[PDB]
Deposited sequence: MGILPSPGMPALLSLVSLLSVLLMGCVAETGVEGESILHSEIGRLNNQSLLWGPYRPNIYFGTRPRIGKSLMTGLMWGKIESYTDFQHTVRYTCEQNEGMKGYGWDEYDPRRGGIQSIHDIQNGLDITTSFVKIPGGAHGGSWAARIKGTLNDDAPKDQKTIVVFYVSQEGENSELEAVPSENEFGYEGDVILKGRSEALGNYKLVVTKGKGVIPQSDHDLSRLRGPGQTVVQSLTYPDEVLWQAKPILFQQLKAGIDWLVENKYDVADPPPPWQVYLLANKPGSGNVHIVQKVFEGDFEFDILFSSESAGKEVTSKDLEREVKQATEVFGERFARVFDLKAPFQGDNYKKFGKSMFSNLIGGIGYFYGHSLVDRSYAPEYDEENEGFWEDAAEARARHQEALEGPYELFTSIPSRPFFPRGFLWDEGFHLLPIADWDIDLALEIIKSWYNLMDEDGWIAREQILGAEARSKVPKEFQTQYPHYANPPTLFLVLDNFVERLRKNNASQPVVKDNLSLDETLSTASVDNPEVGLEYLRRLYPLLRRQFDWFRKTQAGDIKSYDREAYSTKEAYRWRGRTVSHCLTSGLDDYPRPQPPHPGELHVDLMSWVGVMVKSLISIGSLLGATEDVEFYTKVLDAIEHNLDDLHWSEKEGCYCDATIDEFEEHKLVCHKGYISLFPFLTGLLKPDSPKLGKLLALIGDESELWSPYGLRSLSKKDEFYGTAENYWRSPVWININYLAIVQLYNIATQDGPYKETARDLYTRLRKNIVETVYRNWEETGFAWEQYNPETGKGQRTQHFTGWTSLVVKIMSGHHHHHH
């Protein structure tokens, strides 16, 4: 029965608009299969279309905003695109019809409304692009009855081993289509829908913009050869109509030209299900999906005061939809240095100089291919998987559909190598690579990343202890199924636990260092003079200069996070001998945290080095790190240490801003310095951690209960209000928030862990 629920998940999830990197497109969770993509662009001149056409997501002055208003990966949703440069408001409704053996049918409606500042007679080119990968698959445009193209529907008939027999329909649509009076119209027709059927080698099918322009250039070239010139030129929009050439190939371009407003449907019908999907079907299914989404949101995201209002529900719905709407499917080779150079051991002083040099050898090679099914931090800037980012993304998603979360966990853990390493950044496929500057492509098997995924596993277990509808929760409702998942997964967690210990261990036994345990002490590999990429808090101030003697309090606490999860998961499966070792390791970390990291002079935890005279120095920079053992849920509520920390959090002159907790205290000499990623600004992800911990202290018999309650109340308000104000003003979620002015800065469309704000509003942690 485990594989039963599994088999039904595969099916429910297989289709999706899983191409977050582009404005709108669909592809299933299969590496080499059928992919679609939408392009549009105004045409005012003979040259302008190359600059206007939209495809892959961007964010600039040209585009106001965009994203999902509602979205379930199981049902579909609705997307709003507000395009200034093209005078266009676009709606993409996507919807999935369960049926057959192949993962259902699906449908989409593309609706374009000129805004007020567009000419009422604007000519807009629209392209739906369709490609298929595989050796023994076939896709064919049924040709038109009319001479030069299509007066109505365009029907694609295809077959693959993966999808079986299907047909894809691009409907006639509503809207004025411009007619041309020119001599050209004898040969090209006056204006109609047109199709071109091409074949390219599979590996380039994704490069749709160039493929398209290659045809457009080909057409213009033809005009020039055939004596169409400046004496009597055809109108621009007719020059950019492709000559109709339907047939079979791995690439089909469907082109429409519209005058004024327009809309059209795409209907994908699985042969193996009932009768085909019709426009009346899509309308019905859309409407019902909206209602189910409405209903679930109220249950799962019941916003507590003072955020019960409609304004905040709209905002909550947008933060969530964007987060879960950003899920994509990725497939391709990763780029790895398997050289395992000695210099990456980082055991000499000046080790960054060494490791720099090993990198310059360039022994990295492509490998895989691999698949990953994941949410992303940002459609326009970061449409790929990030290791620690995902722990936070899944916290709201877990709430909404735990089975989907567990699917994403499973996907991530399938990337783990023999040693128990997952690359912190998953760039699978040339399409993913296309958007990444070469310097950042190569992954390194000695680079760690905060095990934030464990945090979601935490939520699962607590839920465990205590049809679309059914499947979302199936893995908690049916605990035989629940435990089986954790059974298969456990080894890999354990492997990763050990991996941390083998590769990210610090030195006690070789230094002027005493502590309750000699085993437990951790250091991030990867670190450069000014940076520590692998910790996540890339430019948070660290010991100077970097040094193999370092120990890093954040890292230690992350290990704490894992031991606690393994303990809990171990119990659930009765790994006697295993639980015991974890309990030893835990007990040690608690003691050693205090021994190695706690400062009495400073009343908070700190990082550590060894000196210009070879003894153990603590180095305190009041900030997020300083709070780490707290943020990670490692302190007993009655702890005095807890006390002095809550002092630090609450302290206006240190961390406490009107807008949330500052990455780093104003008292620190490094406040506001360098590039200032983590040297002041406000981060929803760390603030989220704090808020959860406060609430835990605040709902327990214990001596801080009431200092906790005041802090949770005020932080929760501060954080939500900043994200909201900024969303209201700019329509975006932002990567971080200015501590002085409250303004969103850095990466827009960051959904992204800024979406955690729906979980902050809905309380009950």
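Absent C-alpha positions map to the deposited sequence ranges 1-37, 504-516, 816-819, in order along the chain.
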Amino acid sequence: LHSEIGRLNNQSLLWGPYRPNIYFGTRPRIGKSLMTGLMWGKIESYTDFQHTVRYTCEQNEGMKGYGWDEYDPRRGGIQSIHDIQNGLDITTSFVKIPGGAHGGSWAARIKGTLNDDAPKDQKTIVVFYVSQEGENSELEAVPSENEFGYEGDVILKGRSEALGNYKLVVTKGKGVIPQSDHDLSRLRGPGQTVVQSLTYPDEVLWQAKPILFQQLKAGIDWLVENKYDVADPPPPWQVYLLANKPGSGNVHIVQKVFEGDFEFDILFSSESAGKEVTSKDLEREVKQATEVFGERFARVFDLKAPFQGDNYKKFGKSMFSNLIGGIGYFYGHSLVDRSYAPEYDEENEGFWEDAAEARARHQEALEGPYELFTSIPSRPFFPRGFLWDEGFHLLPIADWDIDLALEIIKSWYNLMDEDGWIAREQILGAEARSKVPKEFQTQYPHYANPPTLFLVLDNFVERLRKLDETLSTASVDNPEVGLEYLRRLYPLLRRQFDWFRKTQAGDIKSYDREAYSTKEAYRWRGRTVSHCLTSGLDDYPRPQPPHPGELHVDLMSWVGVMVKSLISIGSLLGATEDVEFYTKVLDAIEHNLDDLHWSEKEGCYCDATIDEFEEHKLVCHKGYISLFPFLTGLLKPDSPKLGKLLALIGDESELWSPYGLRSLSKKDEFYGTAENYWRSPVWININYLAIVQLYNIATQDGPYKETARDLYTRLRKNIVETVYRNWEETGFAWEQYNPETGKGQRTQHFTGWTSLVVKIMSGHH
From here on, numbers count along this sequence of modelled residues.
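Under this definition, the rigid core comprises the largest set of C-alpha atoms superposing within 1.5 Å between the forms.
With 437-445 and 680-688 as candidates, the stretch whose CA atoms show the greater average offset from this form in 8 other deposited structures of this protein after a core fit is 437-445. Mean C-alpha B-factor is higher over 353-361 than over the other stretch, the pair under comparison being 353-361 and 384-392. Taking only CA atoms, the mean B-factor in the PDB entry is higher for 577-585 than for the other of 535-543 and 577-585. Residues shown: 465, 338, 317, 525. Highest C-alpha temperature factor in the entry: 465. Considering 707, 52, 56, 36 together, the PDB entry gives 707 the largest C-alpha B factor. Sorting the modelled residues of the chain by their CA temperature factor places residue 69 in the middle third.
Sort the modelled residues of the chain by CA B factor and residue 722 lands in the lowest third. Per-chain ranking of the deposited C-alpha B factor places residue 11 in the highest third.
Among the modelled residues of the chain, residue 89 sits in the middle third by CA temperature factor in this PDB entry.
Residue 251: CA B factor in the lowest third of modelled residues in this chain (values from the PDB entry).
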